[PDB]
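Protein chains in written order, with the entry's author numbering: chain H, 67 to 156; chain K, 87 to 460; chain O, 72 to 185; chain E, 351 to 393; chain J, 202 to 265.
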């Protein structure tokens, strides 16, 4: 099943879901190919990925959030998924 | 004075006769010369773009649209007349050529001795190519010529050494430029220090110098650059481009060139065949990226005379573009012409036979490079 | 049963030394060549033709500069192709010719100088 | 499948809100048109 | 000038220089998709030179 196979992959083959920092083009390719070959995009993530293909739109959105571009670039390199419990070194 | 400006090539007129000879570790069959073309498309590094006698440079320069005159002496026999006829049919000015009725052209008298158990030879009578006197010079040619060109082969003859220095004084008096195209012959590769002492005076008497990569590294330090080429990082590369294991095109810093620099040097060109043209001026330095393709014609390719074509193209652009010495972009644009001239010259058997014309060289330059690089 | 395709023999520095030291009846022509040299192919063919011309009236040998570089430098070789015409008389002096000289030039040198 | 080609050099002027974003079979972003769209070329 | 050379067939520009306008400002590659961006470096093409023919030479001669 797809609960013990993943555990076996982790234990015996070193698998881990490392974050893939993608360009807007790769992100759009992943989000838009999930719908179809040549179809009107309907999923909001695909629409956002289509809009982000132009860096001018990205800059306008970044200005709308009132943040600078440098840490937005640094915002991509954020660890996704759950966080481990904090350490209590006694 | 007619246009384009005249150039003078000083030295010996010979048929073929590449001077630069070293040891290669990849020999072909000693008898089957049909295999030796594989060493034309996989050449020794010193023989990538071989040079030759100054007559080759004069012929190539005339074929590229320039005007050239040859200064030298030949015998009064059949071979000297044939050499002069070959230079004349190429529209090279012969008025600077002196005839010797009692001398045999391209013939040297030597005496064979057996010093310390090894056979050796010593010159008894020098050939007429090495026997030009200062009284036999052509003053009109030296007055008209705007570039004076010579090779280090004349430094192997004392008579030609004295004649060369007198001719250099005459040319500098009239305002000409001195082009030192090294082309180290076999004796001058024995050790670095003796060659440096032998060429120091002519090196300091030159405004333009062309050396090959091997010549420059021999003159500075062969072992250091060999070690630098062979270096490989133990764990990881310092940048991605160093992971591709590409051919080394190391550009020498002007600090490394400082021992060989002097005050009258306007331009130094280091040629890695036609692939790289490292140029150094008192104000700036850089490299012109070139290419080569002798595998396009595997059965007619021959690298002999390629360096002569490069030097002739450099002189052709220098005589008509004085802004080369002061503008870096113009210098690179005009050096691409010499790169193309060297590329075409590798496509034919024979140095003189395969020298390109200006039209073909410009056509190849425009075909190879993108239009913004013209 | 099968004739050899090449008549010019390749000699070492020591073998050439012994040949020059020994008694000679016919002129000896020594060629200095390298397989990486483009002009040496034409010289190789020219010297094969010359060897065919002078069946037993001359001796044509060749020395590779990639095996005898120091020997070539000692003999005052400044480039390739380089030919040495050695007369059978030890009193006379040898002639060194540089460049792709014509076949008639070699014939003249052998006839009127060796 | 016929291709519409630009008849003059100029600036393409149309409203992108009347077309639906899509992805071509060649992997390019594009706009799907389902109406009588009018495109202006400022030659 | 114009409107008479055009009527008579005399040599004249196809588009009147006076009745000519620029094409404003277009996308600056920061508001464009990846497939419509001008490449950073010029690309070798093998079609970068115009093909020579008889017409060009003759037209240059009659312009001279």
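All C-beta atoms in this analysis are idealised placements derived from N, C-alpha and C, irrespective of residue type, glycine included.
- For residue 348 (chain K), the closest C-alpha among the options K:333, K:359, K:367, K:339 is that of K:367.
- Residues 396, 399, 400 of the same chain have their beta carbon placed closer than 6 Å to that of residue 424 (chain K), with the five preceding and five following residues left out of the count.
- The region 98-107 of chain O and the region 121-141 of chain O touch, with three or more beta-carbon pairs separated by less than 8 Å.
- Restricting attention to K:128, K:304, K:116, the CA atom closest to the CA of residue 342 (chain K) is found in K:304.
- Going by DSSP, residue 257 (chain K) is part of the alpha helix (DSSP H) stretching over 244-260.
- Around the beta carbon of residue 224 (chain J), a 10 Å sphere encloses fewer than 16 other beta carbons of the protein chains shown; the residue is thus reported as exposed.
- Look at the region 233-248 of chain J: the residues with a C-beta under 9 Å from a C-beta of chain H are 233, 234, 235.
- Per DSSP, residue 102 (chain H) has no beta-bridge partner at all.
- Here residue 158 (chain K) is near residue 140 (chain K), since their CB atoms are less than 9 Å apart.
- Here residue 316 (chain K) carries a helix assignment [DSSP, helix/strand/coil].
- With respect to chain E, the C-beta atom of residue 227 (chain J) has a partner C-beta closer than 9 Å.
- Using a CB distance cut-off of 9 Å, residue 174 (chain O) does not count as an interface residue toward chain K.
- Each residue's CA atom was taken as its position, placing residue 455 (chain K) and residue 195 (chain K) some 50 Å apart.
- The Cβ of residue 211 (chain J) sits no closer than 9 Å to any Cβ of chain K.
- Just measuring C-alpha positions, the residue of K:120, K:91, K:143, K:125 sitting nearest residue 296 (chain K) is K:143.
- Membership of residue 366 (chain K) in the beta strand (DSSP E) is indicated by the continuous run 362-366.
- Just measuring C-alpha positions, the residue of K:93, K:287, K:381, K:372 sitting nearest residue 229 (chain K) is K:93.
- Taken through DSSP and simplified to helix, strand or coil, residue 444 (chain K) comes out as helix.
- Within the region 69-95 of chain H, the residues whose Cβ lies closer than 8 Å to some Cβ of chain J are 91, listed in chain order.
- At least one CB atom of chain J sits nearer than 9 Å to the CB of residue 120 (chain H).
- In the DSSP assignment, residue 94 (chain K) is bridged to K:155, K:234.
- Boundaries for residue 385 (chain E): no beta strand (DSSP E) harbours it, and the DSSP string shows neither H nor E there.
- Fully contained in the region 72-118 of chain H are the following alpha helix (DSSP H) runs of length 4 or more, in chain order: 90-98, 110-117.
- A direct Cα-to-Cα measurement between residue 145 (chain H) and residue 333 (chain K) gives close to 40 Å.
- For residue 179 (chain K), the beta-bridge partners assigned by DSSP are K:155.
- With respect to the C-alpha of residue 268 (chain K), the residue from K:452, K:187, K:181, K:287 having the closest C-alpha is K:287.
- At a Cβ-Cβ threshold of 9 Å, residue 405 (chain K) and residue 152 (chain K) count as neighbours.
- Minimum Cα-Cα distance from residue 121 (chain H) among the listed residues J:233, J:211, J:253 corresponds to J:233.
- Look at the region 369-393 of chain E: the residues with a C-beta under 9 Å from a C-beta of chain H are 370, 371, 372, 373, 374, 375, 377, 379, 380, 382, 384.
- Put simply, the backbone Cα of residue 154 (chain O) is about 20 Å away from that of residue 217 (chain K).
- In the DSSP annotation of this structure, the continuous segment of the beta strand (DSSP E) that includes residue 263 (chain K) starts and ends at 263-267.
- Taking 8 Å as the upper bound for CB-CB distance, residue 132 (chain O) and residue 102 (chain O) are in contact here, some 7 Å apart.
- Residues 97, 98, 105, 269, 271 of the same chain have their beta carbon placed closer than 7 Å to that of residue 239 (chain K), with the five preceding and five following residues left out of the count.
- In this structure, DSSP gives residue 80 (chain O) an extended state, which the three-state scheme calls strand.
- Here residue 364 (chain E) carries a coil assignment [DSSP, helix/strand/coil].
- In summary, the residues of the region 107-121 of chain K whose CB is separated from some CB of chain O by less than 9 Å are 107, 108, 109, 110, 111, 112, 113, 114, 115, 116, 117, 118, 119, 120, 121, in the order they occur in the chain.
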